[PDB]
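Reviewing the structure listed below.
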Amino acid sequence: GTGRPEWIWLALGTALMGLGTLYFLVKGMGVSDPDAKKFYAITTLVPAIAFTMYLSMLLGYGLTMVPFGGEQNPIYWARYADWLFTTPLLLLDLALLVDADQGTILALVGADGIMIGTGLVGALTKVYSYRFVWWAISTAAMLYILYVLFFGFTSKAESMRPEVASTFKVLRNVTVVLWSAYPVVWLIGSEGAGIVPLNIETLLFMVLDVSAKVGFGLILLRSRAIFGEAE
Ligand SMILES: CCCCCCCC/C=C/CCCCCCCC(=O)OC[C@H](O)CO
Ligand SMILES: CCCCCCCC/C=C\CCCCCCCC(=O)OC[C@H](O)CO
Ligand SMILES: CCCCCCCC/C=C\CCCCCCCC(=O)OC[C@H](O)CO
Ligand SMILES: CCCCCCCC/C=C\CCCCCCCC(=O)OC[C@H](O)CO
Ligand SMILES: CCCCCCCC/C=C\CCCCCCCC(=O)OC[C@H](O)CO
Ligand SMILES: *C/C=C(C)/C=C/C=C(C)/C=C/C1=C(C)CCCC1(C)C
């Protein structure tokens, strides 16, 4: 375990996702409003899944070796299993906040599946140049998601309760900034051009993950927007 220099960041990420899970679980104890229950369920599941996958990387299960560029490169595949389930859950939190139509939700979740699935194929591809073909397709899927969040969701939120509009705007801005950093880290890190070493890459993903899951959830679950309008 400690033989890998990045272990300290995997351990800290495990601890922070675990603590985030427990906090959201206790905070949601006793909430009875059915609308608020939806948001607590979605938002608590996100760090719980990430906890299990950080733990699997810490213990060494979620790591494989991929040959490319004449070397055996360590690839943490467990990240993609986490993101496959947690990134559509985070998009569902945003879509439910603005009462998105069903067709738009399907488009978002489908594009997200394509983004993570092609990222995984790129991470495991043995022909070096082809890794960047998959990165470009995945990045195009991400740009579709970001477009919808700005030129689809923002338009509907502005016609809803003011507390829904303001909370959405903040969570939208947090999401766009944090999610856009992931393709950059991948491209310059061990999966891509290899300019940043794996230990620093692991630190960067851990800061992004904790911010995009526990930070996001703290903003959402402290908002009055998750409760129905009632007397
Ligand atoms: C919110 C409060 C928390 C604030 C925290 C946010 C900081 C996020 C971390 C960033 C990257 C820093 C990585 C450290 C730099 C290591 C690079 C290095 O030293 O490599 C030298 C090499 O030997 C010769 O080039
Ligand atoms: C050190 C602590 C480690 C961290 C803990 C280990 C994580 C894996 C454990 C459990 C799944 C528990 C349930 C996860 C689902 C929670 C959903 C929820 O809370 O739903 C609220 C809603 O209001 C209901 O109607
Ligand atoms: C609303 C959506 C609900 C979503 C709830 C789903 C959460 C499941 C999470 C985690 C366990 C990780 C499972 C990862 C499976 C890896 C098994 C595998 O393929 O291993 C192959 C072997 O290691 C050859 O290398
Ligand atoms: C493997 C990746 C895919 C599986 C991972 C799970 C990701 C989240 C699940 C589903 C989106 C499907 C559409 C669900 C949107 C329905 C929300 C809605 O419009 O409201 C319906 C409700 O009946 C009103 O009361
Ligand atoms: C819209 C928000 C999301 C946008 C996300 C897409 C951004 C893509 C950016 C840049 C490509 C820059 C490529 C630079 C890579 C050159 C690496 C190289 O070969 O240089 C070797 C090294 O510099 C010698 O030490
Ligand atoms: C909880 C973790 C989050 C919000 C992770 C988000 C991940 C991404 C937006 C990943 C994007 C990628 C690309 C657009 C191309 C290169 C490969 C990925 C998967 C890193």
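All values below were derived from every heavy atom in this structure, side-chain atoms included, with hydrogens, water molecules and symmetry-related copies excluded. Counting convention: from 1, in listed order, for ligands and their atoms alike. Heads up: numbering here begins at 1 and tracks the sequence.
- The 4.0 Å heavy-atom shell around ligand 5 contains residues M142, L143, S180, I195, ordered by chain and number.
- The heavy-atom pair separating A36 from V31 by the smallest distance is CB-CG1, 3.6 Å.
- For atom 16 (C) of ligand 1, the closest non-hydrogen atom on the protein side is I200 CD1, 3.9 Å.
- For atom 9 (C) of ligand 1, the closest heavy atom belonging to the protein is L203 CD2, 4.4 Å.
- Across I116 and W83, no two heavy atoms sit closer than the pair CD1-CB, 3.8 Å.
- The shortest separation from a heavy atom of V109 to ligand 4 is under 4.0 Å, placing the residue in contact.
- The distance from ligand 4 to the heavy atoms of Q102 drops below 4.0 Å at these ligand atoms: 19 (O).
- Annotation: atom 10 (C) of ligand 1 to nearest protein heavy atom, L204 CD2, 4.0 Å.
- With sequence neighbours excluded, no residue forms a side chain to side chain donor-acceptor pair (under 3.5 Å) with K37.
- For the pair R131 and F68, the cation sits on the ring face: its NZ or CZ lies under 6.0 Å from the ring centre, inside 45° of the axis.
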Output a table of donor-acceptor pairs, distance under 3.5 Å, between side-chain atoms of residues 217-226 and any protein atom two or more places apart or on a different chain; print 'none' if there are none.
from, atom 1, to, atom 2, distance (Å)
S223, OG, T167, OG1, 2.9
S223, OG, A225, N, 2.8

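- Contact annotation: the side chain of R172 never approaches that of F153 to less than 4.5 Å [non-hydrogen atoms, C-beta and beyond].
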Could you tabulate the donor-acceptor pairs under 3.5 Å formed by side-chain atoms of residues 18-28, not counting sequence neighbours?
from, atom 1, to, atom 2, distance (Å)
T21, OG1, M17, O, 2.8
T21, OG1, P47, O, 3.4
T21, OG1, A48, N, 3.2
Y23, OH, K27, NZ, 2.5

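- Taking every non-hydrogen atom of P88 and a distance limit under 4.0 Å, the qualifying atoms of ligand 4 come out as 7 (C).
- Between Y144 and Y147, the angle of the ring planes lies from 30° to 60°, which puts this pair in the tilted group.
- Counting atoms of ligand 4 from 1 in the listed order, those under 4.0 Å from a heavy atom of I105 are 13 (C), 15 (C), 17 (C), 19 (O).
- Contact of the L204 side chain with the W9 side chain is not registered, since no non-hydrogen atoms from C-beta on lie closer than 4.5 Å.
- Of the protein's heavy atoms, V207 CG2, 4.3 Å lies nearest to atom 8 (C) of ligand 1.
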Give the C-alpha distance, both sets of side-chain angles, the deciding distance and a yes or no for salt bridge (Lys or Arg N to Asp or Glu O under 4.0 Å) between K213 and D82. CA-CA 12 Å; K213 294 182 162 75; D82 171 341; 3.7 Å; yes
